[PDB]
There are 4 protein chains.
Amino acid sequence: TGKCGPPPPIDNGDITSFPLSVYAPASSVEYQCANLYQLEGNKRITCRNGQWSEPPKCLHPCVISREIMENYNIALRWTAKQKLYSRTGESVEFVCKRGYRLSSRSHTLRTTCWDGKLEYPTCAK
Amino acid sequence: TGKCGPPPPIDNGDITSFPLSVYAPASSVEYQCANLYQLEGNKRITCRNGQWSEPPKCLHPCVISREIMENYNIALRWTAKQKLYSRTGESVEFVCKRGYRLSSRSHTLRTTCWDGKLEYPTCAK
Amino acid sequence: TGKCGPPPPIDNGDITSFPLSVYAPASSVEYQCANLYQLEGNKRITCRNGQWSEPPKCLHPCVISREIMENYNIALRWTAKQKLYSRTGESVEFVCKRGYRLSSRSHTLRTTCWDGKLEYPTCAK
Amino acid sequence: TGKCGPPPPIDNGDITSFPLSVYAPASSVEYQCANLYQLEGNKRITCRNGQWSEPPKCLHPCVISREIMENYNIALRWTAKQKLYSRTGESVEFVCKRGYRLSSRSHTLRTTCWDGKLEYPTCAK
């Protein structure tokens, strides 16, 4: 008859309803990700044939690295608008520090967070 | 020119992006409510003329009361599906305990959570 | 015999264990407050004589107001260390904007967040 | 001089203060884990010589599996006290279903959650 047990926990996310001990086939619940995490895919899982469908993934935000920025000779462009943490899919804009210019082959000064990873621009004297 | 400061915190909710010190007019951010809380209204606030628009409200879940249920001679209908906490808008179904029947003027056995409040059915011997 | 039902939800906080439908006298659970909220009092509630003891309170963080700061002619002292949100009990330090000085009877430039409220210093030309 | 950047995010946890763009050596922040997650080790990280110390780990709760329980011929012992999710370090107690008894070499009926893993008892007809 295909009933399911309690829905699976996922990293950095939670279901939006109170977990029950058993669910009828065709039942569904939904996830939400922790605030700065981006929910990837379909938020809803459905019970069918004794198994829940695949939960979504909560994609990681990116944190600025002081060490990397110092090494690459860059700084945040907007000191009044500092995205110290950025959501996946969200862009962060840097500038070369005074006395430096973009190196060749460097990434653009504007760069996009993807699941924890920022590819930083590099500046050279 | 109408810039705004950091978005206002709301009870039982958070914005989905990292707060900035200043926002240009027309900028917007969005809220999400804590997992069992229901977001009422529009999740997005927009900055215009120096003020953020009105944030949404996170409506409270309902918790079952043992004392009230004992007093009213009721129990949860489905012992395998116990909604100890219910979301606003979600219904909970009771039954009269063995030897009792609904009193007249009683609420229906099925009853809906609204922002923390459940109106309980009452059974009589 | 004094058993208790599911522990009460509190604003901006959650219990650290999975809620059960019934608790024996002497049982206890504990709360934690949402990240920037300060837990006031004892985090643990205990079941006795059919009632849970009093839960703690989650004290609100304070958010900086651009409008108030502009009106009072002040700015954050440390632009590299901007406490846009401060925890209850945590202090925030302002400076008079260029061309202003503290007014008499003004609060000190350093001021402490208490449950959502900051008493701002005031500067005059 | 050894200043640090914004503290690192950790899975299933958050810092308790608002992130700053730079921290002086000797500064510290603290983490808390999401509600059913158990914080392993020291909650506080300290900035020294340009690096944060190692953050704690948030150990996973365990979810009961209907499929595994059905296969092993077991059920939760206390239907009024169902730990559908258990914290790391917390124990869950099963019983053999009617008509079964513990198999030899089986784990005890009482078993402890560790970071997502429950070792289930097994019953045989």
# chains A, B, ... in the order shown; residues from 1 in each chain; ligands from 1

$ select_by_dssp --residues "range 27-91 of chain A" --states "alpha helix (DSSP H)" --output "MDAnalysis selection string"
chainID A and resid 66:72

$ write_last_selection --atoms "N, CA, C and O atoms" --output "tab-separated table (two decimals), in the first residue's frame"
chain	number	residue	atom	x	y	z
A	66	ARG	N	39.29	37.77	3.92
A	66	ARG	CA	40.23	38.89	4.06
A	66	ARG	C	41.61	38.51	3.49
A	66	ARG	O	42.24	39.30	2.79
A	67	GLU	N	42.06	37.30	3.80
A	67	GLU	CA	43.37	36.84	3.36
A	67	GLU	C	43.48	36.78	1.83
A	67	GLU	O	44.47	37.21	1.26
A	68	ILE	N	42.46	36.24	1.18
A	68	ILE	CA	42.47	36.16	-0.28
A	68	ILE	C	42.43	37.54	-0.92
A	68	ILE	O	43.16	37.81	-1.89
A	69	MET	N	41.60	38.42	-0.38
A	69	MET	CA	41.49	39.78	-0.90
A	69	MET	C	42.80	40.55	-0.74
A	69	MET	O	43.22	41.26	-1.66
A	70	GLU	N	43.44	40.41	0.42
A	70	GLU	CA	44.74	41.05	0.66
A	70	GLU	C	45.77	40.53	-0.33
A	70	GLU	O	46.50	41.30	-0.95
A	71	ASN	N	45.81	39.21	-0.49
A	71	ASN	CA	46.74	38.59	-1.43
A	71	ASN	C	46.52	39.03	-2.88
A	71	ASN	O	47.48	39.28	-3.61
A	72	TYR	N	45.26	39.14	-3.29
A	72	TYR	CA	44.95	39.53	-4.66
A	72	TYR	C	44.90	41.05	-4.89
A	72	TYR	O	44.65	41.50	-6.01

$ residues_around --residues "residue 45 in chain A" --least-positions-apart "6" --cutoff "10 Å" --atoms "only C-alpha atoms" --output "MDAnalysis selection string"
chainID A and resid 7:8 15 26:31 51:56

$ write_last_selection --atoms "N, CA, C and O atoms" --output "PDB file, in the first residue's frame"
ATOM      1  N   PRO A   7       9.647  12.332   7.171  1.00  0.00           N
ATOM      2  CA  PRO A   7      10.477  12.863   6.082  1.00  0.00           C
ATOM      3  C   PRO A   7      11.935  13.053   6.509  1.00  0.00           C
ATOM      4  O   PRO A   7      12.203  13.365   7.666  1.00  0.00           O
ATOM      5  N   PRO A   8      12.873  12.877   5.568  1.00  0.00           N
ATOM      6  CA  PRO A   8      14.306  12.956   5.865  1.00  0.00           C
ATOM      7  C   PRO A   8      14.759  14.383   6.157  1.00  0.00           C
ATOM      8  O   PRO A   8      14.350  15.319   5.466  1.00  0.00           O
ATOM      9  N   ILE A  15      11.523  20.937   7.172  1.00  0.00           N
ATOM     10  CA  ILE A  15      10.174  20.899   6.603  1.00  0.00           C
ATOM     11  C   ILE A  15       9.316  21.962   7.286  1.00  0.00           C
ATOM     12  O   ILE A  15       9.657  22.436   8.366  1.00  0.00           O
ATOM     13  N   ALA A  26       0.810   9.525  -1.691  1.00  0.00           N
ATOM     14  CA  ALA A  26       0.301  10.770  -2.273  1.00  0.00           C
ATOM     15  C   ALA A  26       0.416  11.977  -1.338  1.00  0.00           C
ATOM     16  O   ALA A  26       0.219  13.120  -1.772  1.00  0.00           O
ATOM     17  N   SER A  27       0.737  11.728  -0.070  1.00  0.00           N
ATOM     18  CA  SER A  27       0.995  12.817   0.875  1.00  0.00           C
ATOM     19  C   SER A  27       2.244  13.572   0.451  1.00  0.00           C
ATOM     20  O   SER A  27       3.139  13.008  -0.175  1.00  0.00           O
ATOM     21  N   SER A  28       2.335  14.838   0.827  1.00  0.00           N
ATOM     22  CA  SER A  28       3.538  15.591   0.534  1.00  0.00           C
ATOM     23  C   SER A  28       3.847  16.574   1.658  1.00  0.00           C
ATOM     24  O   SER A  28       2.953  16.958   2.426  1.00  0.00           O
ATOM     25  N   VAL A  29       5.124  16.933   1.772  1.00  0.00           N
ATOM     26  CA  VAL A  29       5.572  17.986   2.679  1.00  0.00           C
ATOM     27  C   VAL A  29       6.524  18.893   1.904  1.00  0.00           C
ATOM     28  O   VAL A  29       6.956  18.556   0.799  1.00  0.00           O
ATOM     29  N   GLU A  30       6.851  20.046   2.472  1.00  0.00           N
ATOM     30  CA  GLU A  30       7.733  20.970   1.782  1.00  0.00           C
ATOM     31  C   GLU A  30       8.858  21.421   2.692  1.00  0.00           C
ATOM     32  O   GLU A  30       8.700  21.482   3.922  1.00  0.00           O
ATOM     33  N   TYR A  31       9.984  21.739   2.074  1.00  0.00           N
ATOM     34  CA  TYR A  31      11.160  22.218   2.782  1.00  0.00           C
ATOM     35  C   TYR A  31      11.344  23.716   2.620  1.00  0.00           C
ATOM     36  O   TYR A  31      10.921  24.316   1.622  1.00  0.00           O
ATOM     37  N   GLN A  51       8.267   5.227  -0.532  1.00  0.00           N
ATOM     38  CA  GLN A  51       9.455   6.103  -0.503  1.00  0.00           C
ATOM     39  C   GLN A  51       9.082   7.566  -0.744  1.00  0.00           C
ATOM     40  O   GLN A  51       8.171   7.856  -1.526  1.00  0.00           O
ATOM     41  N   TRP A  52       9.782   8.478  -0.065  1.00  0.00           N
ATOM     42  CA  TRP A  52       9.691   9.907  -0.356  1.00  0.00           C
ATOM     43  C   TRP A  52      10.487  10.188  -1.634  1.00  0.00           C
ATOM     44  O   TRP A  52      11.492   9.537  -1.894  1.00  0.00           O
ATOM     45  N   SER A  53      10.031  11.150  -2.427  1.00  0.00           N
ATOM     46  CA  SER A  53      10.803  11.613  -3.563  1.00  0.00           C
ATOM     47  C   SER A  53      12.021  12.393  -3.053  1.00  0.00           C
ATOM     48  O   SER A  53      12.195  12.574  -1.849  1.00  0.00           O
ATOM     49  N   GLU A  54      12.858  12.853  -3.974  1.00  0.00           N
ATOM     50  CA  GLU A  54      14.141  13.447  -3.608  1.00  0.00           C
ATOM     51  C   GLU A  54      13.957  14.877  -3.075  1.00  0.00           C
ATOM     52  O   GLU A  54      13.332  15.715  -3.731  1.00  0.00           O
ATOM     53  N   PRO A  55      14.464  15.155  -1.863  1.00  0.00           N
ATOM     54  CA  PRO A  55      14.370  16.522  -1.324  1.00  0.00           C
ATOM     55  C   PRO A  55      15.219  17.495  -2.127  1.00  0.00           C
ATOM     56  O   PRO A  55      16.118  17.067  -2.861  1.00  0.00           O
ATOM     57  N   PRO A  56      14.953  18.804  -1.978  1.00  0.00           N
ATOM     58  CA  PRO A  56      15.776  19.814  -2.641  1.00  0.00           C
ATOM     59  C   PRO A  56      17.109  19.917  -1.918  1.00  0.00           C
ATOM     60  O   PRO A  56      17.317  19.268  -0.886  1.00  0.00           O
TER      61      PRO A  56
END

$ interface_residues --of "chain A" --to "chain C" --cutoff "10 Å" --atoms "only C-alpha atoms" --output "list in words"
residues 18, 19, 79, 80 and 82 of chain A

$ atom_distance --atom1 "CA of residue 58 in chain C" --atom2 "CA of residue 44 in chain C"
13.1 Å

$ decode --residues "range 24-54 of chain A" --atoms "N, CA, C and O atoms" --output "JSON list (two decimals), in the first residue's frame"
[["chain", "number", "residue", "atom", "x", "y", "z"],
["A", 24, "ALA", "N", 0.30, 8.65, 4.28],
["A", 24, "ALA", "CA", -0.36, 7.90, 3.23],
["A", 24, "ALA", "C", 0.31, 8.18, 1.89],
["A", 24, "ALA", "O", 0.82, 9.28, 1.68],
["A", 25, "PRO", "N", 0.31, 7.20, 0.98],
["A", 25, "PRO", "CA", 0.77, 7.47, -0.38],
["A", 25, "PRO", "C", 0.09, 8.73, -0.91],
["A", 25, "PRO", "O", -1.08, 8.95, -0.59],
["A", 26, "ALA", "N", 0.81, 9.53, -1.69],
["A", 26, "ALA", "CA", 0.30, 10.77, -2.27],
["A", 26, "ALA", "C", 0.42, 11.98, -1.34],
["A", 26, "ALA", "O", 0.22, 13.12, -1.77],
["A", 27, "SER", "N", 0.74, 11.73, -0.07],
["A", 27, "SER", "CA", 1.00, 12.82, 0.88],
["A", 27, "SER", "C", 2.24, 13.57, 0.45],
["A", 27, "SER", "O", 3.14, 13.01, -0.18],
["A", 28, "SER", "N", 2.33, 14.84, 0.83],
["A", 28, "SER", "CA", 3.54, 15.59, 0.53],
["A", 28, "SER", "C", 3.85, 16.57, 1.66],
["A", 28, "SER", "O", 2.95, 16.96, 2.43],
["A", 29, "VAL", "N", 5.12, 16.93, 1.77],
["A", 29, "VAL", "CA", 5.57, 17.99, 2.68],
["A", 29, "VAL", "C", 6.52, 18.89, 1.90],
["A", 29, "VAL", "O", 6.96, 18.56, 0.80],
["A", 30, "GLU", "N", 6.85, 20.05, 2.47],
["A", 30, "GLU", "CA", 7.73, 20.97, 1.78],
["A", 30, "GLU", "C", 8.86, 21.42, 2.69],
["A", 30, "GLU", "O", 8.70, 21.48, 3.92],
["A", 31, "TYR", "N", 9.98, 21.74, 2.07],
["A", 31, "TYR", "CA", 11.16, 22.22, 2.78],
["A", 31, "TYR", "C", 11.34, 23.72, 2.62],
["A", 31, "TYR", "O", 10.92, 24.32, 1.62],
["A", 32, "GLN", "N", 12.00, 24.33, 3.60],
["A", 32, "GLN", "CA", 12.58, 25.64, 3.37],
["A", 32, "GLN", "C", 14.01, 25.61, 3.87],
["A", 32, "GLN", "O", 14.34, 24.86, 4.80],
["A", 33, "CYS", "N", 14.88, 26.37, 3.22],
["A", 33, "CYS", "CA", 16.29, 26.38, 3.57],
["A", 33, "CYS", "C", 16.54, 27.51, 4.55],
["A", 33, "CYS", "O", 15.77, 28.47, 4.59],
["A", 34, "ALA", "N", 17.61, 27.39, 5.33],
["A", 34, "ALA", "CA", 18.02, 28.42, 6.28],
["A", 34, "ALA", "C", 18.27, 29.73, 5.54],
["A", 34, "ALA", "O", 18.61, 29.71, 4.35],
["A", 35, "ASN", "N", 18.13, 30.85, 6.23],
["A", 35, "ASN", "CA", 17.86, 32.14, 5.57],
["A", 35, "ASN", "C", 18.72, 32.55, 4.36],
["A", 35, "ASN", "O", 18.16, 32.97, 3.34],
["A", 36, "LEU", "N", 20.04, 32.46, 4.47],
["A", 36, "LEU", "CA", 20.94, 32.84, 3.37],
["A", 36, "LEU", "C", 21.22, 31.69, 2.40],
["A", 36, "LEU", "O", 22.01, 31.85, 1.46],
["A", 37, "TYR", "N", 20.60, 30.54, 2.63],
["A", 37, "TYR", "CA", 20.76, 29.39, 1.75],
["A", 37, "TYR", "C", 19.73, 29.42, 0.64],
["A", 37, "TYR", "O", 18.57, 29.76, 0.88],
["A", 38, "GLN", "N", 20.14, 29.06, -0.57],
["A", 38, "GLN", "CA", 19.23, 29.06, -1.70],
["A", 38, "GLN", "C", 18.68, 27.66, -1.98],
["A", 38, "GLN", "O", 19.44, 26.71, -2.15],
["A", 39, "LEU", "N", 17.35, 27.52, -2.02],
["A", 39, "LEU", "CA", 16.74, 26.21, -2.23],
["A", 39, "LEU", "C", 16.82, 25.85, -3.70],
["A", 39, "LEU", "O", 16.29, 26.57, -4.56],
["A", 40, "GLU", "N", 17.51, 24.75, -4.00],
["A", 40, "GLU", "CA", 17.68, 24.33, -5.39],
["A", 40, "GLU", "C", 16.71, 23.21, -5.77],
["A", 40, "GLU", "O", 16.70, 22.16, -5.13],
["A", 41, "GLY", "N", 15.91, 23.43, -6.81],
["A", 41, "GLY", "CA", 14.98, 22.42, -7.28],
["A", 41, "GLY", "C", 13.59, 22.60, -6.68],
["A", 41, "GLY", "O", 13.19, 23.71, -6.34],
["A", 42, "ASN", "N", 12.87, 21.50, -6.54],
["A", 42, "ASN", "CA", 11.48, 21.51, -6.09],
["A", 42, "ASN", "C", 11.44, 21.36, -4.57],
["A", 42, "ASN", "O", 12.02, 20.42, -4.04],
["A", 43, "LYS", "N", 10.79, 22.29, -3.87],
["A", 43, "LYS", "CA", 10.75, 22.26, -2.39],
["A", 43, "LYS", "C", 9.89, 21.13, -1.81],
["A", 43, "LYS", "O", 9.98, 20.83, -0.62],
["A", 44, "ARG", "N", 9.05, 20.53, -2.64],
["A", 44, "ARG", "CA", 8.08, 19.55, -2.17],
["A", 44, "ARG", "C", 8.53, 18.11, -2.44],
["A", 44, "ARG", "O", 8.98, 17.79, -3.55],
["A", 45, "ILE", "N", 8.44, 17.25, -1.42],
["A", 45, "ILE", "CA", 8.60, 15.81, -1.62],
["A", 45, "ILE", "C", 7.25, 15.11, -1.45],
["A", 45, "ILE", "O", 6.41, 15.54, -0.67],
["A", 46, "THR", "N", 7.06, 14.03, -2.19],
["A", 46, "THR", "CA", 5.79, 13.32, -2.17],
["A", 46, "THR", "C", 6.07, 11.87, -1.82],
["A", 46, "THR", "O", 7.09, 11.31, -2.22],
["A", 47, "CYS", "N", 5.17, 11.28, -1.05],
["A", 47, "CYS", "CA", 5.27, 9.87, -0.69],
["A", 47, "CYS", "C", 4.61, 9.01, -1.77],
["A", 47, "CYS", "O", 3.43, 9.20, -2.08],
["A", 48, "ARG", "N", 5.36, 8.09, -2.36],
["A", 48, "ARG", "CA", 4.78, 7.12, -3.30],
["A", 48, "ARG", "C", 5.47, 5.77, -3.23],
["A", 48, "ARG", "O", 6.69, 5.69, -3.14],
["A", 49, "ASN", "N", 4.67, 4.70, -3.21],
["A", 49, "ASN", "CA", 5.22, 3.35, -3.17],
["A", 49, "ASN", "C", 6.24, 3.15, -2.04],
["A", 49, "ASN", "O", 7.25, 2.47, -2.22],
["A", 50, "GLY", "N", 5.95, 3.72, -0.88],
["A", 50, "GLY", "CA", 6.77, 3.47, 0.30],
["A", 50, "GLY", "C", 8.04, 4.31, 0.41],
["A", 50, "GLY", "O", 8.80, 4.13, 1.37],
["A", 51, "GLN", "N", 8.27, 5.23, -0.53],
["A", 51, "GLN", "CA", 9.46, 6.10, -0.50],
["A", 51, "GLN", "C", 9.08, 7.57, -0.74],
["A", 51, "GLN", "O", 8.17, 7.86, -1.53],
["A", 52, "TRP", "N", 9.78, 8.48, -0.07],
["A", 52, "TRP", "CA", 9.69, 9.91, -0.36],
["A", 52, "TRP", "C", 10.49, 10.19, -1.63],
["A", 52, "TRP", "O", 11.49, 9.54, -1.89],
["A", 53, "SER", "N", 10.03, 11.15, -2.43],
["A", 53, "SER", "CA", 10.80, 11.61, -3.56],
["A", 53, "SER", "C", 12.02, 12.39, -3.05],
["A", 53, "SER", "O", 12.19, 12.57, -1.85],
["A", 54, "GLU", "N", 12.86, 12.85, -3.97],
["A", 54, "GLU", "CA", 14.14, 13.45, -3.61],
["A", 54, "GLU", "C", 13.96, 14.88, -3.07],
["A", 54, "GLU", "O", 13.33, 15.72, -3.73]]
